[PDB]
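What follows is a single chain, given as structure tokens, in the form deposited in one PDB entry.
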């Protein structure tokens, strides 16, 4: 519910489609009025072909990966073989079953050579690639996303370091001094726009003062200084509200990555990873122990006044 454009996690629509396809194929096989022992024989033979093709692809991948045995696989052949062929025991059982089914069910070495040729063509010309939807699904399942690491690092390195101390500093500033809200408002620009000043993003927002700076050592730096800025959110020139505004710096860096050529990062990838960053940041703040209603994410996309949105969240 952060923003309507944020993608929801993938469910089981592909599984439902596969179930429907399985049902339809069973219905049409029954309706063909043709003996089912041949059906089972063909199905077993086809799965055997798929298993042997996977074996050959994994053997080629193993030939590639045996150079990285000391680097990625800590100098062990077993981990390399597991990486390139899945579980060795189950894969071996399936390959022996497939070999037996070919050598038993009614040539074989000719089919084996031709299947090896097909697998070689698949590897060399890239026939069996990966569609963008498949890559996205695999990355989201295995958390192989730039945004996942970026948002978890934003939470661990910054947010959990300040949030309770930030509430304490807000209380101290209020009692010393138009009270400021006791929460850090972090803006998430989905599409674009991450100026170094809130005034540049919107002149209606004006820097008011600075919170009592927090100085604590963090990752090899003695007395690291945190300086959070209070902003007045005005409305027709009057102080409608005031609170601690901030921008999610990993979003700025996602934009910068999309700018650089060496990053291998595209505008579509930039927007997608910004959406995932916001999604997983909200997801981990929901279950965070530090987040105790002392942090508010304001996700927005420019089609617009930021100050009105911040007041709406206030």
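Rigid core here is just the name for the largest C-alpha set that superposes within 1.5 Å across the two forms. Numbering follows the first chain given and starts at 1.
K.L.:
Decide, for the other PDB entries of this protein that were compared, whether residue 179 is missing from at least a third of their models.
P.N.:
Result for residue 179: often missing, at least a third of the compared entries.
K.L.:
Is residue 222 without coordinates in at least a third of the other compared PDB entries of this protein that model the residues flanking it?
P.N.:
Yes, a third or more of the compared structures omit it.
K.L.:
Unmodelled stretch from the deposited sequence between residue 303 and residue 304, which bin: none, 1 to 3, 4 to 9, 10 or more?
P.N.:
The entry has 4 to 9 unmodelled residues between residue 303 and residue 304.
K.L.:
Would you mind checking whether any residues of the deposited sequence sit unmodelled between residue 177 and residue 178, and how many (none, 1 to 3, 4 to 9, 10 or more)?
P.N.:
In the record, 4 to 9 residues between residue 177 and residue 178 lack coordinates.
This protein has a second form, the form deposited in another entry, left out of what is shown; the following refers to that one.
K.L.:
Core aligned, does the CA of residue 257 move at least 2 Å between this form and the one not shown?
P.N.:
After core superposition, the C-alpha of residue 257 moves less than 2 Å between this form and the one not shown.
K.L.:
Quick one: core overlaid, is residue 59 moving 2 Å or more at the Cα between this form and the one not shown?
P.N.:
Residue 59: C-alpha displaced by 2 Å or more between this form and the one not shown.
K.L.:
Using the rigid core as the reference frame, would you say residue 91 shifts its C-alpha by 2 Å or more between this form and the one not shown?
P.N.:
Passes the 2 Å threshold, so yes.
K.L.:
Quick one: in that other deposited form, is the Cα gap between residue 270 and residue 130 smaller or bigger than here? Answer closer or farther; it shifts by 3 Å or more.
P.N.:
Farther apart, which means the C-alphas of residue 270 and residue 130 are at least 3 Å more distant in that other deposited form.
K.L.:
Hey, the CA atoms of residue 72 and residue 151 end up closer or farther in that other deposited form than in the shown form, with the change being 3 Å or more?
P.N.:
Those two alpha carbons end up closer in that other deposited form.
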